[PDB]
Amino acid sequence: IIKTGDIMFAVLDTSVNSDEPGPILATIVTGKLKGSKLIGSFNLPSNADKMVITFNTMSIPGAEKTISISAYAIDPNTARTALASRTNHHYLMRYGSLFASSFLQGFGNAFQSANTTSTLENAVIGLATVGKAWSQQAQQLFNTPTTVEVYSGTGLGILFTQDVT
Amino acid sequence: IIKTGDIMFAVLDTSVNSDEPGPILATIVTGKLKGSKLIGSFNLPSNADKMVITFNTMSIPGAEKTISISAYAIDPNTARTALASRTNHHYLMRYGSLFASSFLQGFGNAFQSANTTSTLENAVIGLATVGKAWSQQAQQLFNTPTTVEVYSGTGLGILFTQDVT
Amino acid sequence: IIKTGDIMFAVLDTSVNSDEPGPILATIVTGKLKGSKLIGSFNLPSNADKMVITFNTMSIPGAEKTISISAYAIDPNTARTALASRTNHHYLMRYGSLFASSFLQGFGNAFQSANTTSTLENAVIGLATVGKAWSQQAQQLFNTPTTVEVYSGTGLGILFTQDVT
Amino acid sequence: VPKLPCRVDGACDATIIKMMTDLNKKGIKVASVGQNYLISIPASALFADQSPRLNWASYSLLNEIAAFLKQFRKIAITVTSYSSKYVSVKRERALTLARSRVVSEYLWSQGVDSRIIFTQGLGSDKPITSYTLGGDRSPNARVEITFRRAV
Amino acid sequence: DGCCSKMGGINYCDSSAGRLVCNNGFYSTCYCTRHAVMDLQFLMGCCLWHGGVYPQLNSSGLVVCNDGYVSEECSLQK
Amino acid sequence: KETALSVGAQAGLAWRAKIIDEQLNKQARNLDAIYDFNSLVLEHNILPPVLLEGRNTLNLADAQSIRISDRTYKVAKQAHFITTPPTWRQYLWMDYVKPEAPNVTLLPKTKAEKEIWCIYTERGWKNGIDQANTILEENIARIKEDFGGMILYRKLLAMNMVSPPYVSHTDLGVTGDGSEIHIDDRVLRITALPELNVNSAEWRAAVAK
Amino acid sequence: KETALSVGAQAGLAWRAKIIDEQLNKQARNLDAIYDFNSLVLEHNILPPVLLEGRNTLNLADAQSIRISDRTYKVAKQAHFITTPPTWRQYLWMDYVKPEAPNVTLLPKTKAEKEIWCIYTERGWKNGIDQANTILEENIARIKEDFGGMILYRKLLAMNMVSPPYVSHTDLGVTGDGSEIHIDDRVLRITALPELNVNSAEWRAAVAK
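A short tour of the structure in this document, coming up. (Residues numbered from 1 in each chain as written, not as in the entry; some residues may be left out. Chains lettered and ligands numbered in written order. Part of a larger assembly, values for the part shown. Heavy atoms only, no water.)

### A look at the pairing of strand β6 (residues 155-159) of chain B
All names here are of chain B.
For step 1, the next point in the chain: Counting buried positions along β6 gives four out of five residues, so the element sits mostly inside the fold.
For step 2, the next point in the chain: Sheet analysis places strand β1 (residues 7-12) next to β6, joined by five bridges and oriented antiparallel. Pairing of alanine 10 across the sheet is with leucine 156, part of β6. (Buried < 20%, exposed > 50% of the residue type's maximum accessible area, 1.4 Å probe, protein only. Helix = DSSP H or I, 4+ residues; strand = E, 2+ residues; numbered from the N terminus. Pairing = 2+ DSSP bridges.)

This is the structure in C-alpha cells:
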C-alpha cells in the first residue's frame, strides 16, 4: 500500500543518453521498499533544458510479482525536473561550419569580381567553389538538436502517481 | 524464475559491423545459468553515438527448450549504452572528394575567365571539365552513413525485461 | 535434437561470384552429423562490407530424408561476417573513363575558344566532339557496383536458427 | 571469521619469553616440562624473620608474577610452602599454612582466571639440600606454585 | 603478527589441538581453526534466544522471531 | 530531516543496547548466583508452577452494586516438565546489531542544514536512549514477576494450601523385536497437576519468634 | 567479481584433493592392517551385519510424558553374502580433476582489479581447502561407523545375545540333457538371518582378571 503520490528515493547506475530510448533501471535505497528495482524509459522533450524518466515496471523482492506503478523523477537537493548534464553539445560545430562555408563563397566571388578595379586567382577558385556545396550541405544538416545524457552515479527521487497493494 | 529487470553477465565471441543485421549469439558465464546461450540481432540508430543489441532467443542446456526472454545490453564496468568502436569511417573521403571537385570547377572557370585580364589553358580544361561530374556524383553519394562495428572479444551485461519459468 | 543456435564447422568447396543467383553446397566435416551436405543461396548487400549465405536445404547421409534447417555462416577463427574477397574492382575504371571524357570535352572546347586570344584544329575537333558521348556513357555506366566473390577452399562456421529432431 | 579473535586476548609469546627470562635472571626459579609449569621463590625475599607478614616491597614482585600468570588459560593452581625446623613441627606448619593462605588470597584478588586454587604448607618436611645451616636464608625454606596448562 | 615471534617459528597447525606449534616445543598463542577454545561472550544479530530471524519478510518493517516473538529493537521505528 | 531523526534514533538505540549488554556481560556471576532455578526445580525435574496473589481488591459494578475481596490467588502458568534450568539471558539480553547503513542522501548544504541535522541526530540519540531503557525496564519487570511467582508457589506449598503435583511411573523389562531392543522401559507421566485446595480445615498457620 | 571466488574454490579443492590422495597412497600398508576385513569375514564368505547401540536414552513427548531407557540396540545393515571383502578405497579415496577452464574475459587491467582478483582467489583457495577437509572427515566417520558396527556385532555374538546366521547346503549329482552337463550342483541358501533375543535368562556375562 502506497499513498496517492508520495515521495520515495532511489539511485540509478546505468548511464544513458537521450539518443535511443531503452530499458533503464534504478534501485530503491530507502523507505518500506528496500532492494526493489524499477525499469522504465525516458521521453524526448522539444527543449533539452530538462529530462524526466518514465518509470513504470517495478519489481519488489520477496515474492515473484511484477507491479506496474508508473511515476516520474525529480532531481534530489534541487527539487526540479531538470537534468544535470551538458547542453552546449551542437551549437558551435554547425555555427562554424556554416559561417566558414559562407565566408569561402564570399571570398572567392568578391576577390574574383574585384579584378578590374595567379595565387590570388587560385584562392578565389578554392573559396568561391568549395564554399557553395559546403554551405548547402551545412544548411541541410544545421537542424540537429542538442542531446542530454544522464550519468552513471546520480541518485533521484520519485513522486508516485497511482496507488498499489 | 527470474526477477523483472535483474542483471546477468555474458560474453560475446562474434564481431559484426552495423551494416547487415544477422543472428548474433552471446554465452552466459556466471550466475545460476551456466552454458546457456542467447541469439538476437542489432538495430541501426539514426545517429551512431551509441549502439545496442536486441537479444531474445535464449537456449538453456540440460533440457530441450527455447524460452523467449528479450533483453538489452550495457557496456560492462561502464554502465553506458554506447558501443566501443570507431565512428569517423566515412567523413574525410566524401569531404575531400567534394572539395576537390569544386576546386577543379573553380580553377578551370576562373582561370579561363581571367585570360583577358598553352599548359595553363590545358589545366583550365582538365579542372573545369572534370570538376562538375565529380561534384554531382559526390553530392549523389555523400549521404552514406559512417558505420560502427563491435568486437569479437568483448563482454557485456544484460538487464532483463520479462520473467521466465 | 539440435540446440537452439549452436555452432558447427563446415567446409566450402565451390566458389561463386556475387553476380548471378546460384545454389551453393557446403559439407559438414565434424560433429555428430558427418559427411552431411547443405545447399543454399546468397544475397546481395547494399554495400560490399560483408557477404552472408542462406543455407537451408540440409541433406543428411544414410536416410533419404531432407530437413530444411536454415542457418548462416561466420568467418572461422575470425568470428566476423566479412568475406575474403576484393572490393575495389570497378571504381577507378569508371572514374578514369569519366575523367578522360570530361578532359576531352574541355580540351577541344577551350582550345577552340582560345584561338582568338591545322593540327591544333584537329586536336580540338577530336577532343571536343568525342568527349561528350563518352561523358554521357560514363554517366550511364557509373552505377555498376564493385563485385565480391567467395573462394572455393575456405572453411566456415554455421550457427543454427531453429531446432530439429 | 573476521570478527572472531585472532588469538587469546592478553597474551603475547614474546612477552612470555621476555618476562620468563627476566624472572630467571632475577633468581626466581621457573621450570617447564610438557605443559606443567612450576615456580619457586625463596621465603627470604618475601616474608619477615619467620613471620607471616609480607614485606611491603614484595608487592612489586607479586604484581610481576601475577602479570606473568595472566597469559595462561588454566584450571587448577596449587601453592605450597616449605620452611626450616625452628621450634616444633606445628609452629612452622601453621606458619607455612598462613603464608600460603595470604599469597593465595592476594592472587585470588588479582585477576588470574582459574577454577580451583589449593594452598598448603608443610614446614620442613620436604628437604632438598643437606645444607641446613641458615634459617630463613636456607634455600629449602621457600614457596612454590604448580599448574598445568590446558589445551 | 608473528604468532611464534621471538621463538623457533611456525611449525604447523594441529587441528586436534586447534593451535599453532612453534619450532621450540611450546604451544603458541594464535588459533588456526574455528574448532578451538575461544572465550565467547559478545554476539551480534537479533532475535537471540529465540527461533532466530524469520526468513520471510513483511511489507511492514517489523521483524518477528520464528518462535513468534517480535523484536522492536531489531525492527526499524517510525 | 525526519530521515536524520530516524537514523539518529537507530544509532542511539544501538549504542545504548551495546553499552547495556557490555555492562551485563561485565557484571555476570552475581546475576546467575541470585537467579538460580536448579535450586527451585522439583523432585522429578518438573518446573514448579507460577502463582499470583492479590490483596484488598474492589470493584464498583454500577450504582447500588459493590464487590470487595480480601485476598485472591491465581495460577498464572501451569507447571510442566523441563530439561535445563532457565537463565537470565532469555529475559534480559538485548538484541544488538550495529547499523552501518549509509542510507543518507540528504547530505548537508549549509550551516543551518548542518545544525538542524545535528539537533535532529541529538534528539534521535536521546530517543534511542529512552527506548532502550524502557525495554530494559519491561524485561526486568517480567523476570521479576516470574521469579516471584516461583517463590510464591514454594511458600504456599510449604504452607500447605495447594496440592503438590503427582507423577506416576511404570517400568517394563526388555522390549522390542529381533532387530530393535530396549533394555528397560521407564514411562513417567504427571497424573495430578498442581492446584489449590478450597477447603479450610487443612490450613496450618505459621508464627516466628 | 565472484569469478575469482569460483576459480579459487575449484583450485583449492583440486590441490587439497591431490595432496590428500598422495598422503593416502603414501601410507598404504598400515591402513590395510587397520581396516582388515577378510579376518572379520565369517566362515561362508558372508559379511556379518551392522549393529548400533545407544546408552542412557531419554525422550520427551510433551508435558507429563517422558520415556527413559538405559540401553538400546538397533540393526542398521542386515548381513548377506559376498564374493570379496571390502576395502578402504570406497570409504577414503576421493576423486580429482585439474580445472582447466579459465575464461579469458575478466583479466585485471587496473591495480584495484588485480587486488580484488588476488584476494578473492586466496579466499576461494581457503574455502575449497576447508570443504575438502569436511569431505574427508565425513568419509572417515562413515568408515569408522562401519568397522565399529562389525566389531560390535562380533562382541555381541560373543556375549550370546544374537543367533548366528544359518546356511543350508544342498548337493545334487550330475544333471542336464545330453548336450549340457554340470557334474555337481551345490546350492547354498541362507535360512535364518541373525537377530536379537528377548529372553534375558540365558544371557551369559563375562569378567576379567
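### Topic: the sheet that holds strand β4 (residues 53-59) of chain A
Whether parallel or antiparallel, the strands of a sheet pair through hydrogen bonds between backbone atoms.
All names here are of chain A.
For step 1, the next point in the chain: What the six strands build is an open sheet, ordered β4-β3-β2-β1-β6-β5; its pairing is antiparallel. Of all the strands in the sheet, just β4 and β5 (72-74) have a single pairing partner and so form its edges. Going across the sheet, the axis of each strand differs from the next one's by a mean of 40°, ignoring polarity. (Axes fitted to C-alpha atoms, helices over the stretch in contact; angles between N-to-C directions.)

### Quick word on the pattern of salt bridges
For step 1, the next point in the chain: Here the structure, examined in full by the defined rule, presents 18 salt bridges over all chains.
For step 2, the next point in the chain: A salt bridge links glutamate 53 of chain F to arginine 55 of chain F; the nearest nitrogen and oxygen atoms lie 3.7 Å apart.
For step 3, the next point in the chain: With a closest N to O distance of 2.5 Å, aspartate 171 of chain G and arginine 186 of chain G form a salt bridge. Of this pair, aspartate 171 of chain G sits in strand β5 (residues 167-172) while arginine 186 of chain G sits in strand β6 (residues 185-190), and the two are 15 residues apart along the sequence.
For step 4, the next point in the chain: For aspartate 171 of chain G, a relative accessible area of 45% puts it in the partly exposed group.
For step 5, the next point in the chain: Salt bridges here are not isolated pairs; linked through shared partners, they connect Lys18, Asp22 and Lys25 of chain D. (Salt bridge = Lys/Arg side-chain N within 4 Å of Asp/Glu carboxyl O.)

### Points about the nonpolar core
For step 1, the next point in the chain: In this structure, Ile39, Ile41, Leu46, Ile65, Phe68 and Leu69 of chain D are the most contacted members of the largest nonpolar core, which totals 25 residues.
For step 2, the next point in the chain: The contacts of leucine 46 of chain D, once residues within four sequence positions are left out, are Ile41, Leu54, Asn55, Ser58, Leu61 and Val143 of chain D. (Core = buried A, V, L, I, M, F, W, Y, C linked by side-chain atoms within 4.5 Å. Contact = heavy atoms within 4.5 Å.)

### Thoughts on the interface of chain G and chain F
For step 1, the next point in the chain: Counting residues at the interface gives 20 residues for chain G, matched by 20 residues for chain F.
For step 2, the next point in the chain: Of the roughly 1800 Å² buried between chain G and chain F, counting both surfaces, carbon and sulfur atoms make up 61%.
For step 3, the next point in the chain: Considering only the side of chain G, the residues that lose the most area to chain F are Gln64, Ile66 and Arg67 of chain G, jointly responsible for 34% of the buried surface there.
For step 4, the next point in the chain: Where chain G touches chain F, the interface holds one salt bridge.
For step 5, the next point in the chain: One salt bridge in this structure joins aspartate 185 of chain F and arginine 67 of chain G, with 3.1 Å as the shortest N-O distance.
For step 6, the next point in the chain: Taken together, the elements giving at least two residues each to the side of chain G that touches chain F come down to β2 (51-62) and β3 (65-75) of chain G.
For step 7, the next point in the chain: Partitioned by chemical class, the residues of the side of chain G that touches chain F number nine nonpolar, five polar and six charged. (Buried area = accessible area lost by both parts, 1.4 Å probe. Nonpolar A, V, L, I, M, F, W, Y, C, P; charged D, E, K, R; others polar.)

### Side note on the packing of aromatic side chains
For step 1, the next point in the chain: Considering all chains together, one arrives at 27 aromatic pairs over all chains under this definition.
For step 2, the next point in the chain: Here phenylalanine 107 of chain B and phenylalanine 111 of chain B contribute two aromatic rings whose centre-to-centre distance is 5.1 Å and whose plane-to-plane angle is 20°, an arrangement assigned as stacked. Separated by four residues within a single helix, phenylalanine 107 of chain B and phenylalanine 111 of chain B lie in helix α1 (residues 92-113), roughly one turn from each other.
For step 3, the next point in the chain: Residue classification places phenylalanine 107 of chain B among the buried residues on the basis of a relative accessible area of 15%.
For step 4, the next point in the chain: Members of the aromatic cluster, joined through ring pairs, are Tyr37, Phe68, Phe72 and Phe147 of chain D together with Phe26 of chain E. (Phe/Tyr/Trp six-rings, centres within 6.5 Å; stacked < 30°, edge-to-face > 60°.)

### Considerations on the interface of chain A and chain B
For step 1, the next point in the chain: Listed by partner, the interface residues are 34 residues for chain A and 35 residues for chain B.
For step 2, the next point in the chain: In total, about 2800 Å² of surface goes out of reach between chain A and chain B, with carbon and sulfur atoms giving 62% of it.
For step 3, the next point in the chain: Contact with chain B buries surface across chain A, with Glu20, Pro23 and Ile125 of chain A losing the most and accounting together for 20% of the total.
For step 4, the next point in the chain: Counting the contacts that link chain A with chain B gives one salt bridge.
For step 5, the next point in the chain: Across the pair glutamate 149 of chain A and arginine 80 of chain B runs a salt bridge, and its minimum N-O distance is 2.9 Å.
For step 6, the next point in the chain: Here chain A and chain B share 10 residue pairs in polar contact between them.
For step 7, the next point in the chain: Counting residues per element, the ones that place at least two in the side of chain A that touches chain B are β3 (37-42), β4 and α2 (119-141) of chain A.
For step 8, the next point in the chain: Here the side of chain A that touches chain B takes 10 residues from α2 of chain A, the largest share from any one element. (Polar contact = N/O pair within 3.5 Å; in protein donor to acceptor, adjacent residues only side chain to side chain.)

### Let's talk about the state of the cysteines
For step 1, the next point in the chain: Taken as a whole and judged by the stated rule, the model has five disulfides over all chains.
For step 2, the next point in the chain: Between the sulfur atoms of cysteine 3 of chain E and its disulfide mate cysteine 30 of chain E the distance is 2.0 Å. In this structure, the disulfide formed by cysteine 3 of chain E and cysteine 30 of chain E twists by about -90° around the S-S bond and is classed as left-handed. Within this pair, whereas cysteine 3 of chain E is found in the segment before β1 (10-14), its partner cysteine 30 of chain E is found in strand β3 (residues 27-31), the two being separated by 27 residues in sequence. Each member of the pair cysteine 3 of chain E and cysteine 30 of chain E is classed as buried.
For step 3, the next point in the chain: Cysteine 12 of chain D carries a free sulfur, and the closest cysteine sulfur to it, the one in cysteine 30 of chain E, is 9.5 Å from it. (Disulfide = S-S within 2.5 Å.)

### Quick look at the arrangement of the chains
For step 1, the next point in the chain: Nothing in chain B touches chain F, and the closest approach of their C-alpha atoms is 21 Å.
For step 2, the next point in the chain: The two units chain C and chain G never meet; even their closest C-alpha atoms stay 16 Å apart.

### Structural notes on the packing of α1 of chain B against helix α2 (residues 119-141) of chain B
All names here are of chain B.
For step 1, the next point in the chain: One can describe the packing of α1 onto α2 by two numbers: an axis separation of 7 Å at closest approach and a directional angle of 145°. Viewed along their axes, α1 and α2 form a crossing whose handedness is left-handed. Taken together, the residues of α2 that come into contact with α1 (itself represented by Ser97, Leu98, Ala100, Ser101, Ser102, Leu104, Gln105, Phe107, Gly108, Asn109, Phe111 and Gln112) are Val124, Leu127, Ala128, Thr129, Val130, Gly131, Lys132, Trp134, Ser135, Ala138 and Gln139.
For step 2, the next point in the chain: Here the contact of α1 with α2 is built from residues that sort into 11 nonpolar, 11 polar and one charged. (Left-handed = near helix turned anticlockwise from the far one by under 90°.)

### Regarding the pairing of strand β3 (residues 76-82) of chain D
Residues and elements named next belong to chain D.
For step 1, the next point in the chain: Among the seven residues that make up β3, five are buried, leaving the element largely enclosed by the rest of the structure.
For step 2, the next point in the chain: Relative to strand β4 (residues 116-121), β3 is paired through six bridges, and the arrangement is parallel. Bridging across to β4, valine 79 finds its partner in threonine 119.
For step 3, the next point in the chain: At this point the chain moves from β3, through helix α3 (residues 90-109), to the parallel β4, and the crossover so formed is right-handed.
For step 4, the next point in the chain: Alignment of β3 against strand β5 (residues 142-148), held across six bridges, turns out to be antiparallel. The residue of β5 that forms the bridge with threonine 80 is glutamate 144. (Right-handed = clockwise from strand over helix to strand, strands pointing away.)

### Concerning the sheet that holds strand β5 (residues 72-74) of chain B
All names here are of chain B.
For step 1, the next point in the chain: Strand order in the open sheet made by the six strands is β4-β3-β2-β1-β6-β5, with antiparallel pairing throughout. Every interior strand has two partners, whereas the edge strands, β4 (53-59) and β5, have only one. Ignoring strand direction, the axes of neighbouring strands in this sheet form an average angle of 40°.
For step 2, the next point in the chain: Bridge count between strand β3 (residues 37-42) and β4: six bridges; the pairing is antiparallel.

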